[PDB]
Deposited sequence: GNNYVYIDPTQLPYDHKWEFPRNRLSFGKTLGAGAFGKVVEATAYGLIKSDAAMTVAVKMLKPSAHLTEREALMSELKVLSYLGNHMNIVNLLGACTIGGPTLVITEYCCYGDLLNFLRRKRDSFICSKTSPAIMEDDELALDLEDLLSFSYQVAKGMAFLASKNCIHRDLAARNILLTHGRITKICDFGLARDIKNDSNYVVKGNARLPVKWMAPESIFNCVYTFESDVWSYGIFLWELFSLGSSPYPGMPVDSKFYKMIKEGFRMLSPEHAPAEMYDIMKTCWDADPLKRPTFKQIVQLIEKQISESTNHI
């Protein structure tokens, strides 16, 4: 959680142990695509077990991507390697960096992206219930606490960047190059960038600073998305001059109908204008642990 240092991924070395024979990959359907990159479902052979086919996700540069994007993908690969493999973050499995297009291989998450999952399961609210939502809030906070412990900042925390897999385990991801931010209305032009403004802390919007605390703000917005079962934040409030003024003034979202009081309390603290008053992910983990225990029986 040291806001005075950061991990420069170009200084991270690429561990050759990750290198995987690209001829042992069989590419499938597109899971996401941006301008210079895409994620596809694929099959990997002898990736973990010698004579076993396993489904994976593969992030690749399109032929139309430049060195800048290859560097970014390599940096992302090194960051994932640095983070290591954890229950609540997407797991790196390998890479193909030579002899073809640069590819990064991770686990495949059988329930796909959490935002789509919530939207699909909105009616079922097997069925989705409160404890599922609490579990997702807990696991995302847990994963983010780990990221912060590694002195890493997400910068785009949102339901769309969470995946869901076996046993309803969430995995923090970052589509990065592989999201079409040009045609995603959740990304708004601000200056010479398309930014996830509705998820962003005021200090990020106005001063372009991202911190452990701005990730916590985004987590608050995520909680809102979660307990609204995938609704877009600030309903009936398009990102314009009024929006910026209102956020600066102190306008905040009301509680989702399905949020327990303490979960909304967390949201409100995450959206404190003062970053120093926001909870840490470590704190949030404890709070949600308690709520989950209380919400059982």
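Stretches of the deposited sequence absent from the structure, as judged by C-alpha coordinates, are 126-139, 312-313.
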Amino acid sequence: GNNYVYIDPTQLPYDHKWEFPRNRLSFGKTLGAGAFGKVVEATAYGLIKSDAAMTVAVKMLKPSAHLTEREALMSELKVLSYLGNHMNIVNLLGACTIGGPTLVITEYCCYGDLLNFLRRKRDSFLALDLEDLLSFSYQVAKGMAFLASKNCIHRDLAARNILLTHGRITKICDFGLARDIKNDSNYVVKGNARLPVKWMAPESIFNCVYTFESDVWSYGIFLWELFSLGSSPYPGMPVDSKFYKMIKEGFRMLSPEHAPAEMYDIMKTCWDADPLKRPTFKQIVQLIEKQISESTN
From here on, numbers count along this sequence of modelled residues.
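Two stretches are in play, 280-288 and 12-20, and the higher mean C-alpha B-factor belongs to 12-20.
Relative to its counterpart among 270-278 and 21-29, 21-29 has the higher mean temperature factor, C-alpha atoms as listed in the PDB entry. The maximum CA B-factor among the listed residues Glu76, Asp174, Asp123, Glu225, taken from the PDB record, is found at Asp123.
The residue among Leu229, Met237, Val58, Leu254 whose C-alpha carries the highest B-factor in the deposited model is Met237. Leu115: CA B factor in the middle third of modelled residues in this chain (values from the PDB entry). When all modelled residues of the chain are sorted by CA temperature factor, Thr102 is found within the middle third. Remark: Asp215 belongs to the lowest third of its chain, ranked by C-alpha B-factor as recorded. For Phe206, the recorded CA temperature factor ranks within the highest third of the chain's modelled residues. The PDB entry assigns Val188 a C-alpha temperature factor belonging to the highest third of its chain's modelled residues.
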